[PDB]
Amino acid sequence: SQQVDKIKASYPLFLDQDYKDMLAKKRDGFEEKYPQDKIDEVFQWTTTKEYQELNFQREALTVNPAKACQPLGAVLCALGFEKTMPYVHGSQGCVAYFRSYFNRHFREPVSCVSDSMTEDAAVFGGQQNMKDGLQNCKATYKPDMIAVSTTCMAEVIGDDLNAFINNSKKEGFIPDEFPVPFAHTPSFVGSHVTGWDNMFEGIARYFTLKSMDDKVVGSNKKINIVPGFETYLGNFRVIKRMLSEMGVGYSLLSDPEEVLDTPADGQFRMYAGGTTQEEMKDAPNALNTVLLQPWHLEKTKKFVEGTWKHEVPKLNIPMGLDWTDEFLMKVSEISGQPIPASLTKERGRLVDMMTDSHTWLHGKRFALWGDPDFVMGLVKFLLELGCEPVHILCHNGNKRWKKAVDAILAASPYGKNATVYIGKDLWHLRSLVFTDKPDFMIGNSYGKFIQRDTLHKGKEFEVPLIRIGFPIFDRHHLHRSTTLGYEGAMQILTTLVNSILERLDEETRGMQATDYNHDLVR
């Protein structure tokens, strides 16, 4: 039943008594469900130290991963270039999922094609698909560049991307001069960040390897900036804004901020903004190249150092106070521009908020996850705030990364209860937040299910999720936020302290029980 003037969606509709009874009869009649006592008992068991030991013994089963596969990253990288269509040589199913995944995070169109390889191509190779695909894509969506990655099918059968593209040109399906950079992006190696790296390196090689002879380091007086896999629009914007305030010439290599934030003004724009081909061709003439997320830009680094000869400096991700300082200082050294009054002030504003909020932030315990550069920067800032990052999880991280993070933890008393985990998943993390309970989780939308499980044990056991990372699907427009630089540290601080105070408010709202501490002023 519905009341026409007060219509109910699934919640709270199926709470009506007639729906409840129906659901009861369905269960008891035909589902042959384990009794409620047994369900409770197994639940309890999954929260124990005993169950956690078993869980951390897994070798073959992964449950609830905190990573995705390479070509997703290859696509995002490609979208950062001027009128460029991403193109994933292999199976189309992969492509439907890349686009959806990004649509839901950015709440924007996301343009990408496949060449639709099927059983036929499994046996004879994807050569024909590639020829027809390149010709059809160019004619239909009129890109200035097509950037090719691969799905795991195309990798497993050893399709030769290089030869296939050359032949397409030889046989006249697309013009010789038309840009078609490519990269092997096998889903069974690394993760999405590794695909970003592979694709970028492939695009840089395409435009510069054969033309190194006329290049002179420094000649164009700019710094190249490579952002890596980045899903906050505010992080492209802050980097540009800080360097513009400094009067530093720069080139943002892969800049998707315009194409992922077009106006709703009566037309669809398939392409917008993005790094120009002229900018990629001229990039070797820069003074140097800075990598914003170095822990997934290794291949790009070797190319840049080995072929362009830039002495890529040793910088962490510009997150939190010290590392944003170090980024700006390094940029000043390379460019010869002084750090200006505006940024000095902004820094001091960050520091002021830190002094204003330290009492509520002090000692607070966090479980967190994400990609490796983002995770270590959040870790650093948390220590700078006097917070304790106790469960630090990076599913797509490595031994070398872990060691560097361990060293960051050992340099601060706030690190002493922290453990770093690599190769582990959100089911491992679930156990951790039961056996060694933090106050909060910082993570993506998949964490909402861990919060749910904790609450089920009891209110006193609940660990609330603070959404920072990727993907975020269950809130709106948070992709516009910023996590780098002073601006980003300002946003993270505000979110962290207000989440703490919101929770305290919830715990002290009971009248005549806990509202003695329901203070107007905090």
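We number the residues from 1 along the sequence you see.
Look at the C-alpha B-factors of 55 to 63 and of 487 to 495. On average they run higher in 55 to 63.
The question of which stretch, 211 to 219 or 85 to 93, has the higher mean Cα B factor is settled in favour of 211 to 219. Per the deposited coordinates, the residue with the largest Cα temperature factor out of 277, 445, 103, 324 is 277. The PDB entry assigns its highest CA temperature factor, among 296, 107, 169, 391, to 169. In the deposited entry, the Cα temperature factor of residue 164 places it in the highest third of its chain's modelled residues.
Ranked against the other modelled residues of its chain, the C-alpha B-factor of residue 49 as given in the entry falls in the highest third. Among all modelled residues in its chain, residue 29 ranks in the highest third by Cα B-factor. Sorting the modelled residues of the chain by their CA temperature factor places residue 292 in the lowest third. Ranked within its chain, residue 175 lands in the highest third, by CA B factor from the PDB record.
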